[PDB]
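Trainee: Handing you this structure, nothing more for now.
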Amino acid sequence: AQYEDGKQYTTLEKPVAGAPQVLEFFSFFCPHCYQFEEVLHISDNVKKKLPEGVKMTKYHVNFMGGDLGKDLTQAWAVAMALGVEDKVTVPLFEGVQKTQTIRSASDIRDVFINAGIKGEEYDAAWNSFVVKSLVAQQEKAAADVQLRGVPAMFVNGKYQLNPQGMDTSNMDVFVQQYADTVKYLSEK
Ligand SMILES: O=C1CCCCN1Cc1cccc(-c2ccsc2)c1
């Protein structure tokens, strides 16, 4: 058919009840994730085509980058809690992969300070139980699908995007095929 299980998406054999409608996972250590976000703008283009009433959730993962990877999951929790994802995503990706200036939790904190988050505000969030809970929520969602690779996107706990089955000769066409597939899946 036009959209086929095994081509543009795969189907989870253990569907996850109560999962977010559209769930993206990434790591700031993940090279394809840098491409998805900084070059292809996958999340934004998926969001822009989602049906009314379908919201997007994006979570960081621990399994890349050891200690610093876990610090980045916690910092992503701070970003979600403060609502500053759109201020820190670019400098976190560039700090880890472009300039390689993020080597410690303090260096992560510097990105937030430079982005205008006050030091007391960042530190209060970093140490908060609201943020511990958001870390737990990120870990649980990844565990629910036994996640071992990023980038990854899941729709309604049932379907997983399969970008490896899409033509990569034109970036723009690839992005809208991916977004159109997410829309299709959300309408199933
Ligand atoms: O290599 C793959 C195979 C599957 C799709 C995800 N990626 C990562 C990627 C990174 C940067 C650009 C592109 C791309 C798309 C269309 S033209 C160029 C693709």
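Identifiers in the structure tokens: chain A, B, ... in order shown; residue index from 1 per chain; ligand index from 1 in order shown.
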For ligand 1, list the contacting residues at 6 Å or closer, counting only C-alpha atoms and all ligand atoms, as a PyMOL selection string.

Mentor: chain A and resi 32+35+163-164+168-171+174

Trainee: Write the residues you've just listed into a file as a compact mmCIF listing (two decimals), in the first residue's frame, and include N, CA, C and O atoms for each of them.

Mentor:
# COMPACT_ATOMS: atom_id res chain seq x y z
N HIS A 32 23.08 11.63 14.48
CA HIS A 32 21.90 11.78 13.65
C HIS A 32 20.87 12.71 14.27
O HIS A 32 20.10 13.37 13.56
N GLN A 35 21.66 16.15 13.33
CA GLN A 35 21.13 16.37 12.00
C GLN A 35 19.61 16.58 12.02
O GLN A 35 19.11 17.55 11.43
N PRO A 163 12.85 5.93 9.32
CA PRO A 163 13.41 6.82 8.29
C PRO A 163 14.40 6.13 7.36
O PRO A 163 14.67 6.65 6.27
N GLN A 164 14.91 4.96 7.74
CA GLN A 164 15.88 4.27 6.89
C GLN A 164 15.22 3.81 5.59
O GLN A 164 15.90 3.51 4.61
N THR A 168 16.93 9.73 0.76
CA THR A 168 17.69 10.79 1.39
C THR A 168 18.50 11.58 0.37
O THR A 168 19.65 11.96 0.64
N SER A 169 17.95 11.80 -0.81
CA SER A 169 18.68 12.60 -1.78
C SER A 169 18.30 14.07 -1.64
O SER A 169 19.07 14.95 -2.04
N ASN A 170 17.11 14.33 -1.11
CA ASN A 170 16.64 15.69 -0.92
C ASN A 170 16.15 15.86 0.50
O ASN A 170 15.21 15.17 0.92
N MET A 171 16.80 16.75 1.27
CA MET A 171 16.47 16.93 2.68
C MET A 171 15.02 17.35 2.89
O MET A 171 14.38 16.88 3.83
N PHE A 174 12.58 14.54 2.31
CA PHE A 174 12.68 13.56 3.38
C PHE A 174 11.91 14.03 4.62
O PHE A 174 11.13 13.27 5.21

Trainee: I'd like the neighbourhood of range 60-75 of chain A as a list in words, where a residue qualifies if any of its atoms comes within 6 Å (using only C-alpha atoms), though same-chain residues fewer than 2 positions away should be ignored.

Mentor: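 So the residues in contact are residues 25, 26, 27, 77, 78 and 135 of chain A.
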
Trainee: Next, write the just-selected residues to a file, as a PDB file, in the first residue's frame, keeping C-alpha atoms as the atom set.

Mentor:
ATOM      1  CA  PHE A  25      13.663  10.500  21.841  1.00  0.00           C
ATOM      2  CA  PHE A  26      17.087  11.977  21.339  1.00  0.00           C
ATOM      3  CA  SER A  27      20.515  12.467  22.877  1.00  0.00           C
ATOM      4  CA  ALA A  77      14.223  17.977  32.578  1.00  0.00           C
ATOM      5  CA  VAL A  78      15.229  21.474  33.737  1.00  0.00           C
ATOM      6  CA  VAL A 135      13.845  12.586  34.770  1.00  0.00           C
TER       7      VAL A 135
END

Trainee: Find the residues around range 105-115 of chain A up to 12 Å (only C-alpha atoms counted), leave out those fewer than 5 positions away in its own chain, and share them as a ChimeraX atom specification.

Mentor: /A:28,67-76,78-79,82-96,99-100,120-126

Trainee: Using only C-alpha atoms, which of A:185, A:161, A:147, A:173 sits nearest residue 6 in chain A?

Mentor: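 Distance minimum relative to residue 6 in chain A lands on A:161.
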
Trainee: Would you please give, as a ChimeraX atom specification, all residues of chain A that DSSP assigns to helix (DSSP H, G or I) based on the backbone?

Mentor: /A:31-40,42-47,66-82,85-98,105-114,119-126,129-144,163-165,171-187

Trainee: Could you please write out, as a PyMOL selection string, every residue of range 2-186 of chain A that DSSP assigns to strand (DSSP E or B)?

Mentor: chain A and resi 5+9-11+22-26+56-60+152-155+159-161

Trainee: Go ahead and save the residues from that selection, with C-alpha atoms, as a compact mmCIF listing (two decimals), in the first residue's frame.

Mentor:
# COMPACT_ATOMS: atom_id res chain seq x y z
CA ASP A 5 4.39 -1.67 7.90
CA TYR A 9 7.17 2.66 9.97
CA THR A 10 7.24 -0.47 12.05
CA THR A 11 4.66 -1.80 14.51
CA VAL A 22 3.78 11.53 19.51
CA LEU A 23 6.93 10.74 21.38
CA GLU A 24 10.42 11.64 20.22
CA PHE A 25 13.66 10.50 21.84
CA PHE A 26 17.09 11.98 21.34
CA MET A 56 4.30 16.25 20.87
CA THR A 57 6.56 15.04 23.62
CA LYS A 58 10.37 15.02 23.31
CA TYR A 59 12.61 13.24 25.81
CA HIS A 60 16.35 12.82 26.27
CA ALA A 152 13.44 7.57 17.54
CA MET A 153 9.82 8.59 17.19
CA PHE A 154 6.74 6.65 18.34
CA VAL A 155 3.08 7.30 17.63
CA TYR A 159 4.14 2.62 15.81
CA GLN A 160 7.79 3.53 15.32
CA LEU A 161 9.06 5.76 12.53

Trainee: What gap, in Å, lies between CA of residue 51 in chain A and CA of residue 172 in chain A?

Mentor: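 Spanning CA of residue 51 in chain A to CA of residue 172 in chain A is a straight-line distance of 20.5 Å.
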
Trainee: So the first atom is CA of residue 131 in chain A and the second is CA of residue 54 in chain A; what is the distance between them in Å, to one decimal place?

Mentor: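 Interatomic distance here is 24.3 Å.
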